[PDB]
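Notes follow once the structure below has been shown.
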Amino acid sequence: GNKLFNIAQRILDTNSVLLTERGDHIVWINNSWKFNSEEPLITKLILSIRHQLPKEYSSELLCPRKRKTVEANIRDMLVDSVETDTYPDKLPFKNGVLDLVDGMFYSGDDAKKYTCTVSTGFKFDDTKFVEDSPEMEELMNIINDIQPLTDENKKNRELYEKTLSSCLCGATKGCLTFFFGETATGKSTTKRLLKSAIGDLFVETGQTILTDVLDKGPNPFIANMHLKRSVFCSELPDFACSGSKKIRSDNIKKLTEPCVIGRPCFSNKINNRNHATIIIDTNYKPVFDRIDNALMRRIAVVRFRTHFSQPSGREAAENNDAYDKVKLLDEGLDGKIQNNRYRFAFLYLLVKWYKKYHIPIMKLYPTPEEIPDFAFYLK
Amino acid sequence: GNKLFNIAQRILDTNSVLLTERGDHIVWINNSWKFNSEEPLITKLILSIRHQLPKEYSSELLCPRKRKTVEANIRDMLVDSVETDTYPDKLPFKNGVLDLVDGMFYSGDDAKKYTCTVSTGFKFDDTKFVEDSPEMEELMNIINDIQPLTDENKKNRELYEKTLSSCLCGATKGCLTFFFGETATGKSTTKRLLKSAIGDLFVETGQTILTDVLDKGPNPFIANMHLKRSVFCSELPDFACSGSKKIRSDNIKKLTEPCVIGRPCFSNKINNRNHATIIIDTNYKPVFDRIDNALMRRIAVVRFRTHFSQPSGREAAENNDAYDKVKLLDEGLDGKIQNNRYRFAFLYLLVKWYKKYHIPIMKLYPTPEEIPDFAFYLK
Amino acid sequence: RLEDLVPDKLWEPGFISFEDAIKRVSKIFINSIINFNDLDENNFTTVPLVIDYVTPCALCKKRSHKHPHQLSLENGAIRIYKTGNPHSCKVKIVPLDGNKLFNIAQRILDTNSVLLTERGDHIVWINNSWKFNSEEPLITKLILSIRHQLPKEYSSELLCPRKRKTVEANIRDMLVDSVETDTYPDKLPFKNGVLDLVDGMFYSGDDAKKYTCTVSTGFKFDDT
Amino acid sequence: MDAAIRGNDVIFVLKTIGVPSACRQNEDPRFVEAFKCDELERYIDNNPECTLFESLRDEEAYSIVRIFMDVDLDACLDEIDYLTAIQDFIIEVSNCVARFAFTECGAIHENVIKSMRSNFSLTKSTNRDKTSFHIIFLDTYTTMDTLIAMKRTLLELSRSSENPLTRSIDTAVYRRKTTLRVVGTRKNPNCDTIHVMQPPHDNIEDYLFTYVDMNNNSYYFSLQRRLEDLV
DNA sequence: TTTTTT
Ligand SMILES: Nc1ncnc2c1ncn2[C@@H]1O[C@H](COP(=O)(O)OP(=O)(O)OP(=O)(O)O)[C@@H](O)[C@H]1O
Ligand SMILES: Nc1ncnc2c1ncn2[C@@H]1O[C@H](COP(=O)(O)OP(=O)(O)OP(=O)(O)O)[C@@H](O)[C@H]1O
Ligand SMILES: Nc1ncnc2c1ncn2[C@@H]1O[C@H](COP(=O)(O)OP(=O)(O)O)[C@@H](O)[C@H]1O
Ligand SMILES: [Mg+2]
């Protein structure tokens, strides 16, 4: 009978438009599950798909009135809600989703059944995903410089690799990792490398989430953690000073749960999904308000024992007791890092590490025997 | 006269559209009452029910403007408001409502007179609702591991079963439950099992609803308890340190009435129906500011005394005092709980407990003989 | 079979109904066709049309014609030509594909004056400056300004405001891939061109357009 | 990007339509030959009746060809309207190719526009009943695979215009191992219609689309993706 | 901060 109704049926049954639990509509164009609350992209999808119809149906997809009618007819057919971001082992790029079970990369209709909302923000280029390359060699040299693979530093090396590789899967982490080390050691180097590797799925905020309550008033730092896969906590102030804020334990217990409670400004939605790995960049021994067995199983610490400096204070660096090896500082590193010269190389290294470690299941383990404050309670 | 007016009359005759007290227009589609405020669902219902009309009337119901005219005619006939959620012994699903007095599961027209607004969000699968299944065996093993059925833990087990089963009926309760236990004892596992069991009728709000005034200004945490049948307040902070506000007895005494007071942001509605079974996940003994007879009769507490550990801390847990039994920790349990493996088995266990305990009437009784602060008052 | 012979027919699906197609032809001949009843979907390319000349012919502006006209179908358009001496009457073509305003939107987007920036705005190109705005879109202004660089048969439709709104709506539905801006960092954008820095030459007009400079100093460059 | 790819001064021509593939690979003098610009003129002068069909010698070795189009309108057009028709034809064509070169080829839009409207070579048929020509853009270089991909958008443009010249665009020539008749030769020994040059271009070097000479004003663009991912 | 906006 009707003609535009069949067009709407064809748009619907191909499973291109979906309805989310919050009441928004997600569409599928440019090989990405993009959505806009203010600009409906349904008309764009209709005009883009007009090419896959019989010649007698295309002519009706030119009048803006007819496209609006088709959109209105489509909107009255989505009755059941659909939940998104259910697959925890898929890394979504702008032009497709890269699988992690076998390393293959899908695109188009293949990378569509996995309803991925967030994305890294940049396209995926398979030609730079090779294993042998000068960028690979330079990055391997950098990684072996920051964490030497000696028998004295074997467990620390593999723990560092595991913590870095955990920042890909979208499951719920259950431990907090401290990047505890001295100044000018290479913590920011790893932070920048990870930020270039994963891009948009990486945020860094202040230390207030550790020394403040998370319920009174708004908390925009919590709403920024929705569906993020890695959170870095830098600029942690020293605590041996006067009246310095102490790391509240309750925040640590509340930051490792599948749902963190907190509302952004001018909003009411109080639930948030916690897919983020929390890494804390401190400088000295962290002190808490109270130590208990409930805090014993949510703490992991890695050690950085390689200082970088210019030949000015070379002897001072060589004589210091907190270091293990000192090398020459480089200036162009921060230049080519921001140009993403080690973008896909670090991504391939991370994928290899993830396939090596967490292929059966994902689980982070604590290590309580690395801080003397936690060695006191050995009684 | 007009043909579309007859369509509106026929749609009104089948009694699928109702006008609620708050001013919303609830519809009846896919065997479940649905509603929305920003985008009314009347046209969706019209298109869905198109098929149940005579031949000459169905073809008239495809043009969007004619559907809008039918909706406009419908909205001019709903003058009397109808109340909702009057049956407190029913568990509505996404494709019907499961009766609790005898275990039958109505659907379609039979499951329509029970005007239930909130729903679990998932469909009912009768194949997995059977008693005999390997999932049931695993769930029973886990439940017995968490709360062993010995004679020294008899009343505690009965209280645990009663409290967990009370989360199904949509009536008003009168006691608060404290899940007291040491570290890694099974509280969060029970919380996640219950959340997977009941689904949407389960929200988790912060601790702010207990120690802060809930009248001045907006408080969306109170506004999100509207018609929910279970509310969890996890991770109560300790009070042995200074700066932590005591638990306001006024707030507890104000959380056990059929209408709590609170408004969401940007709204003037100040009445919230209270069907919630409030359970507090604590780690330490609670402390209050005022104690009287009106408070000791509204507090109940169940104890978890089974510690799940790894072989590393076996001797530490064995010689502890807060534990009565040590068991091997499992890794896949936290993994496959989110996948909804023990959902229907736990639902069947809960309905069996409900029909065993609260079949004549539903009521909770306080047990003030466990808090030392109230033990002093037992003079 | 015909698939290997030619992928062509006399009336493929997608074309308008034959009665509508003739109606468009009938409006071009301002006078009345005499033998109209001899036409159908199977002989309109052979039957000569004997026009009655009361008013001068709408095609060649002559008083009358010696011979009848005759239709022909090529590439999805009924070309109208006159038999006898071919140079006496000019050539008119009757399109029958689809919407005209859609063609206008396609050909305006073709000249690369409307772009979708990364942030989500709609930059335009008027008065030699990549000006843009969010609250007040300037797409209609761009249409009215660029009506000059289009064929004659498109100017008559870019005057009524509702047609321009329709063209704007069509344009907004074709921009699906975004383009980044401000790639060259050593250029100074002015209100009437872009000034280079490596050699001091000051470009303007189309030449100073490939440098997609969103911002501008706000004043004009005075070479004097 | 060696020396041999920045130049191609060898011409591959045919001698009869419908040459079988076996004769083409064997490269027998009887049907196909190699030529230079000067030698081509001598051959045409010595054979005032011969027929030649310009085509590409090898596909995968050299795909670099100029931009060319074909027009065949079966109706005479008077001089003033012919001039007006050719102005709209170039404006629409130059824009359409530039848009495609910018959206799916990663090239700059304005460089393509300037390089096309500046220097173009036009032919003219000797027939009087119909108007046909071969417009070859002199300073726009690309691969043949680009023209094959461009075939779709060109066809859409030809069916969506009112100008008679641009509506009669021959979009079927764009295929694999195409053939373009050289100016100054017939189509068959029985035909009497040939193409003639037009001012100001006098050298025959301006009418062979296989002649590649990248000068200071030429532009190059091609696809980044290949013809197998474009399903 | 919210409300007010918009
Ligand atoms: N019946 C069971 N069989 C096997 N493993 C179990 C069982 N019950 C719990 N576990 C495991 O033992 C641990 C118990 O954690 P639990 O849910 O008690 O933590 P919690 O209440 O959040 O802790 P805390 O009070 O320290 O914050 C988890 O690792 C869980 O997977
Ligand atoms: N140039 C013409 N010469 C002769 N008859 C014509 C001409 N143009 C139109 N007609 C006649 O006019 C009729 C009009 O039919 P048409 O399809 O336009 O119907 P309509 O849109 O329903 O309106 P109406 O019949 O009232 O004009 C045609 O069927 C045809 O017989
Ligand atoms: N392996 C390395 N090779 C060369 N330079 C390095 C290496 N590791 C660190 N650097 C240099 O050290 C400088 C400071 O290190 P940084 O990452 O800031 O340490 P921290 O994070 O502890 O402050 C950086 O500018 C970087 O260029
Ligand atoms: Mg737990």
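Output yes when any residue across the range B:240-258 is within 28 Å of A:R273 (Cβ to Cβ) and more than 12 Å from chain A (Cβ to nearest Cβ), and no when none is.
Taking the range B:240-258 and keeping what is within 28 Å of A:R273 (Cβ to Cβ), we get B:255.
Filter once more, keeping what is more than 12 Å from chain A (Cβ to nearest Cβ): B:255.
Within the range B:240-258, one or more residues are within 28 Å of A:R273 (Cβ to Cβ) and more than 12 Å from chain A (Cβ to nearest Cβ).
Provide a single number: the residues in the range C:1-48 that are polar (S, T, N, Q), assigned to a helix (DSSP H, G or I) and under 25 Å from C:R63 (Cβ atoms). I'd like the intermediate steps shown before the answer.
Residues of the range C:1-48 polar (S, T, N, Q): C:17, C:26, C:31-32, C:35, C:37, C:42-43, C:45-46.
If we keep only those that are assigned to a helix (DSSP H, G or I) too, we end up with C:26, C:37.
Pick out the ones that are also under 25 Å from C:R63 (Cβ atoms) and you get C:26.
Here the count works out to 1.
When the range C:113-133 is filtered for residues that are surrounded by fewer than 18 Cβ atoms within 10 Å (Cβ to Cβ) and in contact with a helix residue (DSSP H, G or I) (Cβ under 6 Å, 6 or more places away or on another chain), only C:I126 remains.
The single condition among (1) within 14 Å of ligand 1 (Cβ to nearest atom); (2) touching a helix residue (DSSP H, G or I) at 6+ places or on another chain (Cβ under 6 Å); (3) more than 10 Å from every other protein chain (Cβ to nearest Cβ); (4) not hydroxyl-bearing (S, T, Y) that B:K162 does not satisfy is (1).
Any residue at all in the range B:291-303 that is within 12 Å of ligand 1 (Cβ to nearest atom) and in contact with a helix residue (DSSP H, G or I) (Cβ under 6 Å, 6 or more places away or on another chain)? Looking for residues that are within 12 Å of ligand 1 (Cβ to nearest atom) and in contact with a helix residue (DSSP H, G or I) (Cβ under 6 Å, 6 or more places away or on another chain), one finds none in the range B:291-303, hence no. Among residues of the range B:38-85 being of a type in the set (S, T, N, Q) and not in a helix (DSSP H, G or I), the one that is farthest from the chain's Cα centre (by Cα) is B:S81.
Somewhere in the range B:196-218, is a residue touching a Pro at 6+ places or on another chain (Cβ under 6 Å), away from every other protein chain (no Cβ under 11 Å) and more than 16 Å from ligand 2 (Cβ to nearest atom)? There is no residue in the range B:196-218 that is touching a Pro at 6+ places or on another chain (Cβ under 6 Å), away from every other protein chain (no Cβ under 11 Å) and more than 16 Å from ligand 2 (Cβ to nearest atom). Take the conditions (1) out of contact with any helix residue (DSSP H, G or I) (no Cβ under 7 Å at 6 or more places or on another chain); (2) outside any helix (DSSP H, G or I); (3) free of Cβ contacts under 8 Å to residues at least 60 places away in the same chain; (4) not charged (D, E, K, R); A:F232 misses just one of them, which is (1).
When B:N30 is tested against (1) within 14 Å of chain A (Cβ to nearest Cβ); (2) surrounded by 17 or more Cβ atoms within 10 Å (Cβ to Cβ); (3) in contact (Cβ under 8 Å) with a residue 24 or more places away in the chain; (4) among the polar types (S, T, N, Q), only condition (2) is not met. Picking from residues in the range A:300-328 that are within 13 Å of ligand 3 (Cβ to nearest atom) and within 29 Å of the chain's Cα centre (by Cα), the one that is nearest to A:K162 (Cα to Cα) is A:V302. Would you check if C:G84 is at positive phi and either within 16 Å of ligand 4 (Cβ to nearest atom) or within 14 Å of chain A (Cβ to nearest Cβ) (or both)? No, not satisfied. Only one of the numbered conditions (1) of a type in the set (D, E, K, R); (2) surrounded by 15 or more Cβ atoms within 10 Å (Cβ to Cβ); (3) within 11 Å of another protein chain (Cβ to nearest Cβ) is violated by A:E83, and that is (2).
Residues in the range D:98-107 that are within 10 Å of chain C (Cβ to nearest Cβ) and touching a helix residue (DSSP H, G or I) at 6+ places or on another chain (Cβ under 7 Å) were compared, and the one that is farthest from C:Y211 (Cα to Cα) is D:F100. Selection of first residues in the range A:111-127 that are farther than 16 Å from A:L18 by Cβ and in contact (Cβ under 8 Å) with a residue 60 or more places away in the chain and of second residues that are assigned to a loop (DSSP other than H, G, I, E, B) and of a type in the set (G, A, S), restricted to Cβ pairs under 7 Å at least 6 apart or on distinct chains, gives the following pairs, ordered by first then second residue: A:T120/A:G199; A:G121/A:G199; A:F122/A:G199. Taking every residue in the range C:16-43 that is within 17 Å of C:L96 (Cα to Cα) and without any contact (Cβ under 8 Å) to a residue 60 or more places away in the chain and pairing it with any residue that is away from ligand 3 (no atom under 16 Å from the Cβ) and in a helix (DSSP H, G or I), at least 6 positions away or on another chain, the pairs with Cβ-Cβ distances below 8 Å are C:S26/C:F36; C:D40/C:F18; C:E41/C:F18.
Tell me, which helices (runs of 4 or more DSSP H) lie completely within the range A:274-379 with 2 or more residues that are in contact with a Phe, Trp or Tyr (Cβ under 9 Å, 6 or more places away or on another chain) and over 20 Å from A:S234 (Cα atoms)?
Numbers: elements: A:293-296, A:314-319, A:333-338, A:343-357, A:372-375.
Once the helices (runs of 4 or more DSSP H) in the range A:274-379 are filtered for at least 2 residues that are in contact with a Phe, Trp or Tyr (Cβ under 9 Å, 6 or more places away or on another chain) and over 20 Å from A:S234 (Cα atoms), what remains is A:293-296, A:343-357.
Close Cβ contacts (under 7 Å, 6 or more residues apart or on different chains) running from residues in the range B:331-348 that are facing chain A (nearest Cβ under 10 Å) to residues that are charged (D, E, K, R) and not in a helix (DSSP H, G or I) comprise B:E331/A:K363.
Remark: pairs (first residue in the range B:294-323, within 16 Å of DNA strand E (Cβ to nearest atom); second residue among the acidic types (D, E) and part of a loop (DSSP other than H, G, I, E, B); Cβ separation under 6 Å; 6+ apart in sequence or on different chains) are absent.
Being within 16 Å of ligand 1 (Cβ to nearest atom) and buried (at least 18 other Cβ atoms within 10 Å of the Cβ) is the filter; apply it to the range A:174-195 and report the residue that is farthest from the other protein chains (Cβ to nearest Cβ).
First, the residues of the range A:174-195 that are within 16 Å of ligand 1 (Cβ to nearest atom): A:174-176.
Checking which are buried (at least 18 other Cβ atoms within 10 Å of the Cβ) leaves us with A:175-176.
Numbers: A:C175: 13, A:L176: 15 Å.
For the range A:174-195, the residue satisfying everything is A:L176.
Filtered by the rule that a residue be loosely packed, with under 15 Cβ neighbours inside 10 Å, in contact with a helix residue (DSSP H, G or I) (Cβ under 8 Å, 6 or more places away or on another chain) and more than 8 Å from chain B (Cβ to nearest Cβ), the range A:259-276 gives a lone residue, A:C265.
Screening B:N251 on (1) part of a helix (DSSP H, G or I); (2) in contact with a strand residue (DSSP E or B) (Cβ under 9 Å, 6 or more places away or on another chain) shows it passes everything except condition (2).
Conditions tested, residue by residue: (1) away from chain A (no Cβ under 14 Å); (2) at positive phi; (3) surrounded by fewer than 12 Cβ atoms within 10 Å (Cβ to Cβ); (4) away from ligand 1 (no atom under 16 Å from the Cβ).
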position	(1), (2), (3), (4)
C:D4	yes, no, yes, yes
C:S17	no, no, yes, yes
C:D20	no, no, yes, yes
C:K23	yes, no, yes, yes
C:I30	yes, no, no, yes
C:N37	yes, no, yes, yes
C:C57	yes, no, no, yes
C:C60	yes, no, no, yes
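The residues of the range B:31-50 that are out of contact with any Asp or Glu (no Cβ under 7 Å at 6 or more places or on another chain) and under 25 Å from B:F124 (Cα atoms), listed by number, are B:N31, B:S32, B:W33, B:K34, B:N36, B:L41, B:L45, B:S48, B:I49.
Among B:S249, B:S196, which is of a type in the set (S, T, N, Q), under 30 Å from B:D330 (Cβ atoms) and touching a residue at least 12 places away in the same chain (Cβ under 8 Å)?
Details: B:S249 fails: under 30 Å from B:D330 (Cβ atoms).
Exactly one residue qualifies, and that residue is B:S196.
Report whether or not C:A58 is part of a helix (DSSP H, G or I) and either in contact (Cβ under 8 Å) with a residue 24 or more places away in the chain or touching a helix residue (DSSP H, G or I) at 6+ places or on another chain (Cβ under 9 Å) (or both). Spell out how you get there, then give the answer.
Values: part of a helix (DSSP H, G or I): no; either in contact (Cβ under 8 Å) with a residue 24 or more places away in the chain or touching a helix residue (DSSP H, G or I) at 6+ places or on another chain (Cβ under 9 Å) (or both): yes.
Against the criterion (part of a helix (DSSP H, G or I) and either in contact (Cβ under 8 Å) with a residue 24 or more places away in the chain or touching a helix residue (DSSP H, G or I) at 6+ places or on another chain (Cβ under 9 Å) (or both)), C:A58 does not qualify.
C:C89 falls short of the stated requirement of being over 23 Å from D:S168 (Cβ atoms) and in a loop (DSSP other than H, G, I, E, B).
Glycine also receives a Cβ, built like all others from the backbone with ideal geometry; neighbour counts cover every protein chain displayed. Bear in mind that the values in this text are calculations on the coordinates, not laboratory data.
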